[PDB]
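*Asks:* Below you will find the structure I want to go over with you.
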Amino acid sequence: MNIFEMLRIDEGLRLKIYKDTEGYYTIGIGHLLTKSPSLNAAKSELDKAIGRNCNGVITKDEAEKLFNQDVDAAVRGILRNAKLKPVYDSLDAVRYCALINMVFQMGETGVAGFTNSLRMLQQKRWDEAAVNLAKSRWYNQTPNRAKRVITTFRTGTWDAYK
Ligand SMILES: [Cl-]
Ligand SMILES: [Cl-]
């Protein structure tokens, strides 16, 4: 297991524009296209992203291409965020995948806002962190995935993904 296999499981793979859990136009492996209620706006973002008129549909290779850019974007984000960097740097490789995951899902600023959980994570107070992480809209809106990510932070193993 690694970050890609992990997000591939949580995000799924769909080659036609669809709406995500929040109701936002998405494609491939959780590649958010836009927060706009307009499908044409989404379609424009799509063609811009791919570099061709996709008419709302892309290939598997294309989905994976956007996926790698996105994963990478999430990490670079963490690395450049004054609040996220120290945590990320303090964690072992398994646990940081849980952090990338959150960022991929809710954005840098979003996660950077989990002040209390971040500190507990940095402090390596695993069970306590896991409890604090769950007192969140995130956990309540996507409980099963949040449980996987949280279990990952708590144990530092890939159990929740097997
Ligand atoms: Cl809550
Ligand atoms: Cl879920």
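We name chains A, B, ... following the order of the structure tokens; residues begin at 1 in each chain, and ligands are numbered from 1 as shown.
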Pick out the residues no farther than 10 Å from ligand 2, counting only C-alpha atoms and all ligand atoms, and list them as a list in words.
*Replies:*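 The neighbouring residues of ligand 2 are, in order, residues 10, 11, 21, 138, 139, 140, 141, 142, 143, 144, 145, 146, 147 and 148 of chain A.
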*Asks:* Report as a short mmCIF file (atom, residue, chain, number, x, y, z; two decimals) with C-alpha atoms, in the first residue's frame all protein, DNA and RNA residues lying within 12 Å of residue 158 of chain A, evaluated on only C-alpha atoms, omitting residues in the same chain fewer than 6 positions from it.
*Replies:*
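Saved to result_24.cif:
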```cif
data_model
loop_
_atom_site.label_atom_id
_atom_site.label_comp_id
_atom_site.auth_asym_id
_atom_site.auth_seq_id
_atom_site.Cartn_x
_atom_site.Cartn_y
_atom_site.Cartn_z
CA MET A 1 0.00 0.00 0.00
CA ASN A 2 1.07 3.58 -0.79
CA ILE A 3 -0.54 7.00 -1.19
CA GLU A 5 -3.39 2.93 -3.89
CA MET A 6 -4.85 4.55 -0.79
CA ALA A 93 5.69 7.38 6.04
CA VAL A 94 2.51 5.49 6.77
CA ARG A 95 0.93 8.17 8.91
CA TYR A 96 1.82 10.97 6.54
CA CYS A 97 -0.17 9.26 3.86
CA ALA A 98 -3.15 9.86 6.12
CA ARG A 148 -9.88 4.57 7.54
CA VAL A 149 -7.74 7.69 7.55
CA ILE A 150 -8.04 8.06 11.32
CA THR A 151 -7.21 4.39 11.91
CA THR A 152 -4.14 4.99 9.74
#
```
*Asks:* At most 8 Å is the cut-off: for each residue in chain A with any atom that close to an atom of ligand 1, write down the nearest atom pair and the distance in Å rounded to one decimal, counting only C-alpha atoms and all ligand atoms, chain first then increasing number, as a tab-separated table.
*Replies:*
```
residue	atom	partner	partner_atom_place_in_ligand_line	distance
A:134	CA	ligand 1	1 (Cl)	7.0
A:135	CA	ligand 1	1 (Cl)	3.6
A:136	CA	ligand 1	1 (Cl)	4.5
A:137	CA	ligand 1	1 (Cl)	6.3
A:140	CA	ligand 1	1 (Cl)	7.6
```
*Asks:* What does the distance from atom CA of residue 65 of chain A to atom CA of residue 22 of chain A come to in Å, to one decimal?
*Replies:*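 These two atoms are separated by 23.2 Å.
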*Asks:* I'd like the interatomic distance between atom CA of residue 74 of chain A and atom CA of residue 113 of chain A, to a tenth of an Å.
*Replies:*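 Answer for the atom CA of residue 74 of chain A to atom CA of residue 113 of chain A separation: 15.4 Å.
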